[PDB]
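A, B, ... follow the sequence lines: proteins, then strands. Residue 1 opens every chain. Any value given below was found using the heavy atoms of this structure, including those in side chains, with hydrogens, waters and symmetry copies removed.
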Amino acid sequence: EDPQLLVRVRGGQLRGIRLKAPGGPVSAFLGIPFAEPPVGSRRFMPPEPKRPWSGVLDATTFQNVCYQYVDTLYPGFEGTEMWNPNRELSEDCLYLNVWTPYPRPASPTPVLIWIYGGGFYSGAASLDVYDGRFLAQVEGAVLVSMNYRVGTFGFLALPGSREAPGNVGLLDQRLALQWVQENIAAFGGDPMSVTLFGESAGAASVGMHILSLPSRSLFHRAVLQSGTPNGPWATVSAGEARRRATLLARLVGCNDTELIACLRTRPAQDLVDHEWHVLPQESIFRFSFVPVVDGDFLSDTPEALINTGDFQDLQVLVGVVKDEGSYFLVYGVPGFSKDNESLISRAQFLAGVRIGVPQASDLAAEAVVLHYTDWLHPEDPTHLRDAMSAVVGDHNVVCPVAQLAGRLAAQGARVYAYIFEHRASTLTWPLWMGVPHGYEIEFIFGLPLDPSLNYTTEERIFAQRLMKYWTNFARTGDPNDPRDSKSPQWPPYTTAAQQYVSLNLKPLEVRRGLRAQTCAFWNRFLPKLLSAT
Amino acid sequence: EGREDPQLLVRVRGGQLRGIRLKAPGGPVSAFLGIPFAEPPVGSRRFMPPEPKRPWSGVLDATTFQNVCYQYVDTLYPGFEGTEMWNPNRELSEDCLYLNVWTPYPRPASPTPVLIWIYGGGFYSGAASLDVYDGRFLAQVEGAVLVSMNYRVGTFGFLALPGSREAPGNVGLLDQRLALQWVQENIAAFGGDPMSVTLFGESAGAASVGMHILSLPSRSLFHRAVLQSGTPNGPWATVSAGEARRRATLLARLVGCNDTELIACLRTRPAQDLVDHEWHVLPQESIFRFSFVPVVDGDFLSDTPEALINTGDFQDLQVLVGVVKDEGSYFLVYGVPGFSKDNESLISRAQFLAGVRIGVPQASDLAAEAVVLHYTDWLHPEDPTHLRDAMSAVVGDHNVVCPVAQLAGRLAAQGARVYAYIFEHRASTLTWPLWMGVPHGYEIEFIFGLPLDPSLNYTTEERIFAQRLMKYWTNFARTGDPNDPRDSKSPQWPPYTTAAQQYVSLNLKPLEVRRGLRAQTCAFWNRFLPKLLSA
Ligand SMILES: CCN1CCC[C@@H]1CNC(=O)c1cc([N+](=O)[O-])c(N(C)C)cc1OC
Ligand SMILES: CCN1CCC[C@@H]1CNC(=O)c1cc([N+](=O)[O-])c(N(C)C)cc1OC
Ligand SMILES: *[C@@H]1O[C@H](CO)[C@@H](O)[C@H](O)[C@H]1NC(C)=O
Ligand SMILES: *[C@@H]1O[C@H](CO)[C@@H](O)[C@H](O)[C@H]1NC(C)=O
Ligand SMILES: *[C@@H]1O[C@H](CO)[C@@H](O)[C@H](O)[C@H]1NC(C)=O
Ligand SMILES: [Cl-]
């Protein structure tokens, strides 16, 4: 047997598998348990450390996907299926994966931990876009990704209860982080250099680990791609979490202890079947079971915590894609489809705003419409379409990111900001969606280096550039290549200059102001409105 | 008569006039100055509607400007040309209802289109006798008949106790209307065509023009209209009956005074006493707000200008509207701390917030914040230069630029032929500091053709520029179209439409067409802000 594929961790022995990357071999250790299976009476409960095992544990294949909703909007369409579970569904899903160079690193190597997105209701670390073999082979990185419980199983909460305290899916991540501290050195990883990176909900998670004291000893740097702990969708209050919980109970036929008990007797799919039915308003970019402000994992609201925190020791990399809000429109906004160009009326644009901004009063929705209308072409359907997408993208991602970047920089943190503007040649969504939520990922992970994927040679060169930014940031807290002495360099985001760079096929371009005027509308004015309307 | 110039003797309904032969740079013009069109509104006639002038005996000398209507005199900068040029240049009196007429010399052969000028000055000041309203150039170069009238301003013109008969309000507007009727009856005796009468005015005069469009008994008195940097709609041009009544009884208290007994006491007061307490009745600390302005009485103005503009049919109407580049810059020195003409007026963010409350005095705290957030440059939210220019823009957009855009849009959508401009040329002779750019009222001297007078030190280009503007205004007066029908070599001036929102730049360069009258920012002032304040 290959002694490179044999690792001893604190729970026993593992056997990895040697995988082929276009530039050489990597060692992969897939399906490693970091927790006791959260099944039976362990549903809704905090995770427990995995018990030791005898013999050699087979770690050559991906484990099961955490039980979750499966998207059926466009059946067979590779643009939606690419996010769908590629393994069997099970509540027994608390496993992680490790990629490493072959042979294992001679010296301690910086670690990247990926936390997947999926709106806290879906996702898996086994998806092709999260394949860590390229980063391990090309940049010699140790890459880790875990599964964490999503939906009811991960975030159903009856705050104050002992049997559904909330945020267990976040605790799953933290336990995987502790596992890395205890075990990564056996793979060649440096536990004193751990960078978290995640997209969407994963970025929000990374953000919440920044804001939770127990997590802060488990990593040193953070990357938040198109997601924030602050904002309208990533958290709920104890009252709203409690509300959605007993409503789901009432829907499936079910005192807290008695309520949770009956819920635990329910088959997994019975809970998923009514998952979307507990949202208080008709909406998009809104999810039923997400992290809750419990006063424990989150001592206060993320907004309150980023306003008051000292981030002097922090180094962050944040950013967005060009068209954050485009594909959420086809999931609830009338007039939008991936099968036409989605040219909409004006009445439809006002209607879509009540759905895109479901918490807005009449006056606040009016303010949004009047801000986003191009008064030179106030009824042009093309413009009305592009603005609906902008309303959604800015409200949910771009401005919460700008808000976070601003507070962090102002309060000591070292912040780097980007906007991802390249659209993949292989994208299957229509052109009107441009660069949609989550399509920077396949480039960070280095997928275009696989010739069977049919990317362009320019995209391949682009992917290699991004892997260097991300890995150099992990090594240093600075995404700038210390070998390249060319200028322009990537400058840190500050509250004064507000500098950020654009990521595309052309060399880095430095820009200033991250949707400054429009985000001032969202971050400074709208709160004053709703808190008076 | 017998030994005098036979070409200067004219009879009007009230009697005989002797005018004066005036020298323009390119020839002589006929001037008839100080023609009474009303009985002197003095004594028991203060606050009262004007009665037409009773016929006189003999030949009235019409060679000098008559008295300026009693008004406030600007003392902010004593000796400074920038302020003095607007101050009264004749004696102050309540006996001031006279008009002036300029015609070619000798007088026109065929009936000639008439221009009637209505001066501005916030309804508290102004005179038709000022140098910048000199009609000699238009009359000489374009062969136009020009009429300018004095109208009562301030308390004497607009103090109202709505519903009463001793102070019905809007009498300053009735003076203007009476002068329009005078032109209808008498202008043919000068060679003027009473069937081609175009109104034009600036600031409050523009608002006055707008109110004549909206008042039925005035629509038979003119045919076309030009509105320069002013609208009947907007925050300063009108007050409600309740507010006018409120300001009227307050002024009464401040001087020592049943509506009858109250107005009777006011009439016993010296004119100067009324002027001395005029500014003391405003509800808030403010700029671009005037104590005594037209009132919505349900008579001259059947409803609010905004209501009339929204619901009116304007297929018969042809209007020319526009603004200057920096409408708000000089109102800042009359009440916003941190602003002067003697320094660069670079201000702090704190001064910006304080100035917004003054420039938008009716704004709630929430609305004021909305203004600040819209006009803040979030890339440089503390830059004193930007904050200075933004303060000016707030005052300019709120009071002129957006009411005009609102007016143009509703008129165009409802049948009217609308032409729109922005005036971007700063006079080489301007005495105001550079930071004020092209301030309120500094297109006027170009429309009247003052750069033609070589003794005034304008440049050759400004002289050529002035002639273009006279062409536009006169062509529009003649045809309802500023364009020259016999000039394809020059760029055209397209009408303003809802569909395209076109307007032109007025400067030293040829016409440039642009789209959108500050579309985004005016959506804020005209569409969102009202919704906000009513909550
Ligand atoms: C992060 C979630 N994305 C990433 C890849 C695939 C998935 C796309 N689908 C969505 O984000 C999605 C959204 C909403 N919504 O409210 O926004 C929704 N509703 C209400 C029915 C359903 C959705 O998918 C099934
Ligand atoms: C409106 C009169 N203007 C136009 C042409 C020249 C003349 C200049 N003076 C003004 O615009 C002016 C303004 C204000 N204000 O409210 O903005 C004011 N207040 C409050 C005392 C006094 C003013 O002059 C004495
Ligand atoms: C696109 O398709 C959807 C459903 O297929 C429809 O609701 C929408 O109206 C269509 N848009 C246009 C412009 O036809
Ligand atoms: C200009 O003068 C005014 C009044 O004297 C004063 O308030 C202001 O501070 C001055 N501004 C500057 C930049 O000196
Ligand atoms: C024009 O310039 C001359 C030459 O200096 C000067 O004497 C005269 O006073 C100026 N006239 C005006 C109105 O500025
Ligand atoms: Cl709530």
Side-chain angles (χ1 to χ4, degrees), chain A residues 3-11 13-14 16 18-19 21 23-30 32 34 49 59 95-103 105-115 125 130-146 173-198 202 205-206 209-210 212 214-224 311-317 413-414 416 444-446 466-482:
Chain A
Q4 289 297 335
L5 307 186
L6 271 176
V7 187
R8 210 220 123 74
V9 304
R10 269 170 33 95
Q13 297 213 112
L14 304 158
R18 193 192 59 126
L19 292 185
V26 299
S27 317
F29 306 89
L30 321 173
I32 311 169
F34 58 90
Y95 303 87
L96 54 79
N97 312 306
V98 173
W99 286 270
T100 212
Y102 186 102
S107 42
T109 293
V111 186
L112 286 79
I113 302 184
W114 173 257
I115 309 182
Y130 308 148
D131 192 329
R133 87 220 281 142
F134 308 105
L135 285 155
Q137 204 285 307
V138 181
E139 291 298 333
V142 174
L143 193 130
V144 185
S145 66
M146 84 292 283
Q173 305 175 5
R174 173 180 292 161
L175 179 62
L177 265 46
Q178 283 158 345
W179 190 94
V180 169
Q181 283 299 299
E182 292 159 355
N183 298 287
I184 211 59
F187 300 81
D190 189 350
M192 302 187 84
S193 184
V194 170
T195 307
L196 306 183
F197 75 134
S205 299
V206 170
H209 288 297
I210 292 167
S212 204
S215 299
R216 289 190 248 152
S217 54
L218 308 179
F219 67 103
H220 315 86
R221 283 171 287 284
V223 177
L224 294 81
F311 301 97
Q312 181 181 350
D313 290 310
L314 184 60
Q315 295 151 346
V316 253
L317 168 59
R414 179 167 215 71
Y416 293 91
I444 320 283
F445 273 92
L466 303 173
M467 293 160 74
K468 288 227 83 74
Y469 291 146
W470 260 247
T471 51
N472 276 314
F473 174 78
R475 293 179 267 255
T476 54
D478 188 342
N480 289 288
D481 200 335

(request) Go through the side-chain N and O atoms of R475(A) and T195(A) and say whether any donor and acceptor fall under 3.5 Å apart. (result) no
(request) Check whether the side chains of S27(A) and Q4(A) place a donor and an acceptor atom closer than 3.5 Å, and report yes or no. (result) no
Atom pair [atom1]/[atom2] of [X] and [Y] - distance to nearest 0.5 Å:
X: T100(A); Y: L19(A); atom1: OG1; atom2: CG; result: 12.0 Å
X: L314(A); Y: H220(A); atom1: CG; atom2: NE2; result: 12.0 Å
X: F134(A); Y: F445(A); atom1: CZ; atom2: CZ; result: 10.5 Å
X: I113(A); Y: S145(A); atom1: CD1; atom2: OG; result: 9.5 Å
X: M146(A); Y: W179(A); atom1: CE; atom2: CH2; result: 11.0 Å
X: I210(A); Y: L224(A); atom1: CD1; atom2: CG; result: 5.0 Å

What closest approach, in Å, do [X] and [Y] show between heavy atoms, and which atom pair accounts for it?
X: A413(A); Y: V316(A); result: CB-CG2, 4.3 Å
X: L317(A); Y: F473(A); result: N-CZ, 3.7 Å
X: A59(A); Y: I32(A); result: CB-CG1, 4.2 Å
X: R8(A); Y: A186(A); result: O-CB, 3.6 Å
X: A141(A); Y: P101(A); result: O-CD, 3.8 Å
X: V206(A); Y: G198(A); result: CG2-N, 4.0 Å

Would a 4.5 Å heavy-atom cut-off, applied to side chains only, mark [X] and [Y] as touching?
X: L177(A); Y: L196(A); value: yes
X: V142(A); Y: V98(A); value: yes
X: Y102(A); Y: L5(A); value: yes
X: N97(A); Y: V144(A); value: no
X: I115(A); Y: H209(A); value: yes
X: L135(A); Y: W99(A); value: no
X: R174(A); Y: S212(A); value: yes
X: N472(A); Y: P482(A); value: yes

(message) Before we go on, tell me: are the rings of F187(A) and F29(A) under 6.0 Å apart, centre to centre?
(response) yes
(request) Please list all pairs passing the side-chain hydrogen bond (donor to acceptor under 3.5 Å, both in side chains) test where one or both residues lie in residues 180-194 of chain A, with sequence neighbours left out. (result) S193(A)-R221(A)
(message) For the CZ atom on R10(A), are there more than 12 heavy atoms of other groups (residues, nucleotides or ligands in this structure) within a distance under 6.0 Å?
(response) no
(message) Just checking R18(A): does its CZ atom have more than 12 heavy atoms from other residues, nucleotides or ligands closer to it than 6.0 angstrom?
(response) no
(request) Take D478(A) and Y416(A) through the test side chain to side chain contact (heavy atoms under 4.5 Å, CB included) and record every step on the way to the result. (result) CA-CA 8 Å; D478(A) 188 342; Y416(A) 293 91; 3.4 Å; yes
(message) Check the orientation of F197(A) and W114(A). Use parallel for under 30°, tilted for 30 to 60°, and perpendicular for over 60°.
(response) perpendicular
